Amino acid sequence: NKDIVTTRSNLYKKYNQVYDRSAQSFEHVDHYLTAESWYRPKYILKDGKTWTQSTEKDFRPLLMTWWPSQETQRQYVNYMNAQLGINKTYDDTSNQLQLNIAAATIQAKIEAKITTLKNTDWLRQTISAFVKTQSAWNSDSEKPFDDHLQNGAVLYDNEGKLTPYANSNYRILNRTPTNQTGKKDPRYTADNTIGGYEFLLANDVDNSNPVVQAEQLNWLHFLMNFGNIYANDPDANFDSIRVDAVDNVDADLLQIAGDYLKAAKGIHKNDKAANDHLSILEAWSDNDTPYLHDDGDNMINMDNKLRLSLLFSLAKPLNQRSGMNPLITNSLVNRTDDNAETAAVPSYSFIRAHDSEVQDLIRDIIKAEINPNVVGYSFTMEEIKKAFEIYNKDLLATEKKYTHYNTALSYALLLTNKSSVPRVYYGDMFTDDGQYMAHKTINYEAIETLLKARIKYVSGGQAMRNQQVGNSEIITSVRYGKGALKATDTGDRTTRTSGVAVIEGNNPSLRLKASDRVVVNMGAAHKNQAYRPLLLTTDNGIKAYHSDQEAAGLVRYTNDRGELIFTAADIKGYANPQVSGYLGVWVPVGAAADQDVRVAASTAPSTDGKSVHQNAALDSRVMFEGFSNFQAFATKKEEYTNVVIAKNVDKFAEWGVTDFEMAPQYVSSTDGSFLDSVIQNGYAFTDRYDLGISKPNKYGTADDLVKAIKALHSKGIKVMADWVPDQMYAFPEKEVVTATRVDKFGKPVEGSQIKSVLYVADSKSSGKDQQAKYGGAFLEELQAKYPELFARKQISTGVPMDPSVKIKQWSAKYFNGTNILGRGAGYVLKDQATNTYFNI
């Protein structure tokens, strides 16, 4: 209640009283005081000598003259004595007068050191360190930890009497696509659970708040007009988006993004529009794909079934590997005989991504050889570097203990499968660490060969076969050639010189019997035809054939029925750094050097109520995830990722890349509280609009980004922006909130001292950043052009988006809560007499 009276505390107690009752003599947060707060007293004991008359800019720790309890005063006195070379300690029976005289001595010698040592910085550090020793002011009162990635979270109370500026009518949690109405959707049964959880990392954005929802749409419009807005260059806009962390945010965002793409880009009218803005989800629940399909196929999800199938049938260690038939049937699309003009559901397919099956491997290495107590993905840079030593040796072993086997086999399937958009991971062609595109992996040659051949040969219907041979099994996968959807189609000239056969085994012990025959039906267009190898497993790796002349001596022929026939002389198991099993790829002889069997999207009207259609034109696309979490930091400008991308767009065009998925371009925060802010990938940020504008991002300056987008567009490659509405990191201004310790679903942890309790968070942006410039700056334009976006009543809330408020400054009122900050349950100071919080 406004008046810190200093009585029976410190011998010097009438000089230490507060300068005035003004708030400007206290370092306060929302007019509360913290254990680390400093204040301006009336007099300063200058050099610990003379009670200097004035105080001006002379702020001193409040813990120098005031304490919450006598026990804390004693702890402070013992601590500060040790810090200042005063060899006296006071145990739990010493009395008040002794403590006040000790505190006076400590004050005097503090002021001596302040005038000796130039500044007060050391005192800030020493006071905060002491405060961290106190359980009411550190992690101890925030325990027990839980399986939140960062050990826990607190949820901000919607009605806090002491913090009404942080109140909310929303904070509706866990409204995943499965759980969007607050009840588990009865349509979707592949996932038993509620399909996600609200609290993932750092400060959790409340995407149930209509004002926030509107600001998310503002941001989306900004990214898709980045060229126009920042550089007045319409050739430098992002073309599409990736929706990050779908299962940790309110699913209303899916309708908002879809609606926006329909209204602003017309993706629902024809395939040309849709494919010009092909947008994706990172949505891990198996309900998300049927959900997104019922929603209109306005975006596409990953095929997680196919992914797991590749992982467990090919990538895992030999003794943990599953049988091979899942590669055919355990997918969105059963590829036994895929003869459809248009598959039932669109999707993209991958084996590794910047996060998936990379940071998992680094964590495995750390947990098993460095620090067994590693928490989630909260690595230190030192742990990361020691782990990449192990990782990089394992990559080249024949017997891998940590990294994937059979990468080239995985890509042989991904890049010749029908009915999916493959997404190539950067770190599978180039090293996961090091400078951008500086070092090829051992699989670069095979993968590049596959990408080029995909342009030239991959089209038509598909047939996958699983054949038990000798002591093991193989699969064949065949594409019939352009224009041949069914195996009986005899084709035209281009059919004859396209199509492909892939043969794989996942067991190095594979031995065929002398009587075994692998009869690969190529299709009715390929009777009595010469075929040559594209990829062949060898003893030490994979031989790639880049031309018909490079393979001139290995030609073989189909019989009169269009069958290639293989025996033990052709197929056996191998064990080398690239293959644990067997891989062979064959193409028909004689395709023109410029043969291109891809197909452009039609402008014919769409008539089935979906926007994206998995047909030959979409199957003609290739997505490229163009970064690695663990890229080195550029040492000179020519090593900047976006600079290098601009310098190699010819390479991406020759690989058939149609969609370049760039890293998130937001300037990263540097708090190091998660992997993303340690290696600074772009997913941990404080300013949604700072795309390398105030400072370069890890990939270059904003002009480097503009030039990279233009260079990609100059080859017809579309460019994808990473929409990250889940969380934000490292806000520069503190705020006092009413909070409750919770699990990642928002359920309160009992036995917790944080329960409708004052808590100090970092949750205000500066008001002088890009957010303050652009926040809500396009809502009037968007409402004017597209009123129906603001008319829709969103599913989770029952109301429209609310664009009547612009978010120029983030504040706790717009967030569900935060990961625990190690500040404790009692950081906000109370008058001990009245058990009342101090306020000004």
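When you see a residue number, it is the position in the sequence shown, counting from 1.
J.: Among the other PDB entries compared that flank it on both sides, is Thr34 unmodelled in a third or more?
T.: No: coordinates for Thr34 present in every compared entry.
J.: Hey, does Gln783 show up as a hole in at least a third of the other compared models?
T.: Looking at the other entries that model residues on either side of it, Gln783 is present in every one.
J.: According to the deposited model, is the average Cα temperature factor higher in 446-454 or in 93-101?
T.: Averaged over C-alpha atoms, the B-factors run higher in 93-101.
J.: Tell me which stretch has the larger mean Cα B-factor in this entry, 138-146 or 186-194.
T.: Per the PDB record, 138-146.
J.: Among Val589, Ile709, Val246, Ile370, where is the Cα temperature factor highest, going by the PDB entry?
T.: Spelled out: the listed residue with the top C-alpha B-factor is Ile370.
J.: With respect to the C-alpha temperature factors reported in the PDB entry, which of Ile366, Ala214, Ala575, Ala438 ranks highest?
T.: Among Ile366, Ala214, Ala575, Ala438, the highest C-alpha B-factor in the entry belongs to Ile366.
J.: Should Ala777 be placed in the lowest, middle or highest third of its chain by the C-alpha B factor in the entry?
T.: Ranked within chain, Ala777 CA B lands in the middle tercile.
J.: Lowest, middle or highest third: where is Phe130 by Cα B-factor in its chain?
T.: Within its chain, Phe130 is a highest-third residue by C-alpha B-factor, going by the deposited values.
J.: Based on the deposited C-alpha B factors for this chain, I'd like to know if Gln631 is in the lowest, middle or highest third.
T.: It belongs to the middle third of the chain when residues are ordered by C-alpha B-factor.
J.: Split the chain's modelled residues into thirds by Cα B-factor; is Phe815 in the lowest, middle or highest one?
T.: Within its chain, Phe815 is a lowest-third residue by C-alpha B-factor, going by the deposited values.
J.: Sorting by Cα B-factor within the chain, modelled residues only, which third would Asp433 end up in: lowest, middle or highest?
T.: As the PDB entry reports it, the C-alpha B-factor of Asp433 lands in the middle third of its chain.
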